[PDB]
Amino acid sequence: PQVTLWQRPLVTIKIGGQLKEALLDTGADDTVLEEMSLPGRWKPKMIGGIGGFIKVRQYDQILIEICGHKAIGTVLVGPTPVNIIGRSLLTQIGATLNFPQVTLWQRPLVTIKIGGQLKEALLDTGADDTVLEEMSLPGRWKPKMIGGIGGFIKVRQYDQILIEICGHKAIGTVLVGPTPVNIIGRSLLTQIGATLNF
């Protein structure tokens, strides 16, 4: 199917004999599920995100059926606020991001121009809003807390900010704060006609 990004891109998955809902997340390298019962051995792992890091259990060779497609790979389990399907499984179901078409074997980075500056940012279907690392932006803003895989961060909310993303113009909200990576979220992805296809 093709999916636009006006809403969170959620899918139904079956793993370990259980049914769950998960977010197709182009900004995630790997799949991370909330605590659940999985069969077999696993290795202790630390992963980072917005908010910091979390400790997860790493299971390999885990069979997952994501929509009507089967895939085998690494599944991380731990204190994530939402189940996410990352790129290492997205590639297995043939998922692409279109706006150019882009496969997901590598992080989907784009060049953006904002506030007269050039930066690189990750097209992130798992992010509601756009979040950039500290930078100089003109004008007024509002304090705001946003949540992510490792907890919450305080950001500055700038509205009606012009961004040119891969040479497409869009105006929307941009959050600025201690994110580890610049991410372009759904509220700007919709404005450049981005879709997920698998």
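As a convention, residue numbering begins from 1 on each chain and follows the written sequence, not necessarily the numbering found in the entry; residues with no coordinates do not appear. Remark: hydrogens and water are excluded; side-chain values derive from all non-hydrogen atoms of the structure.

What the deposited record gives as its method is X-ray crystallography, and the resolution it gives is 1.801 Å.

1. Observations concerning the packing of aromatic side chains
Working definition: rings of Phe, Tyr and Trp (its six-membered ring) pair if their centres are within 6.5 Å, and the pair is stacked with planes under 30 degrees apart, edge-to-face with planes over 60 apart, and tilted otherwise. Scanning the model with the defined rule gives zero aromatic pairs in all. Here, a charge over a ring means that NZ of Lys or CZ of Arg falls within 6 Å of the ring centre while also lying within 35 degrees of the ring normal. Between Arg57 and the ring centre of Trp42, over which it is positioned, the NZ or CZ distance is 5.8 Å.

2. Some thoughts on the pairing of strand β5 (residues 43-49)
Note on strand geometry: in a regular strand, side chains alternate between the two faces of the sheet. The sheet contact formed by β5 and strand β6 (residues 52-66) spans seven bridges and is antiparallel. What sits directly across from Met46, in β6, is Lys55. A strand pair is defined by DSSP finding two or more bridges across the two strands. By definition, any uninterrupted DSSP run of H or I lasting at least four residues is a helix, any uninterrupted run of E lasting at least two residues is a strand, and each is numbered from the N terminus. The turn linking β5 back onto β6 is made up of two residues, and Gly51 within it adopts a positive phi angle of 100°.

3. With respect to the side chain of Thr26
Here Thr26 lies in the loop between β3 (18-24) and β4 (31-33). Any residue under 20% of the maximum accessible area for its type is buried, any over 50% is exposed, and the rest in between are partly exposed; the area is computed with a 1.4 Å probe on protein chains only. Looking at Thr26, the relative accessible area reads 0%, which means it is buried. In this description, contact between two residues means that some pair of their heavy atoms is separated by no more than 4.5 Å. With residues near it in sequence (within four places) discarded, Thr26 still touches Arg87, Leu90, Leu97, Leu104, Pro108, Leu123, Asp124, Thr125, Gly126 and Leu196.

4. A word on the sheet that holds strand β18 (residues 195-197)
The antiparallel open sheet is built from four strands, whose spatial order is β1-β18-β9-β10. Strands with a single pairing partner mark the edges of an open sheet, and in this sheet they are β1 (2-4) and β10 (101-102). Across three bridges, the pairing between strand β9 (residues 96-98) and β18 is antiparallel. Each residue of the ladder has a partner; that of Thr96, found in β18, is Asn197.

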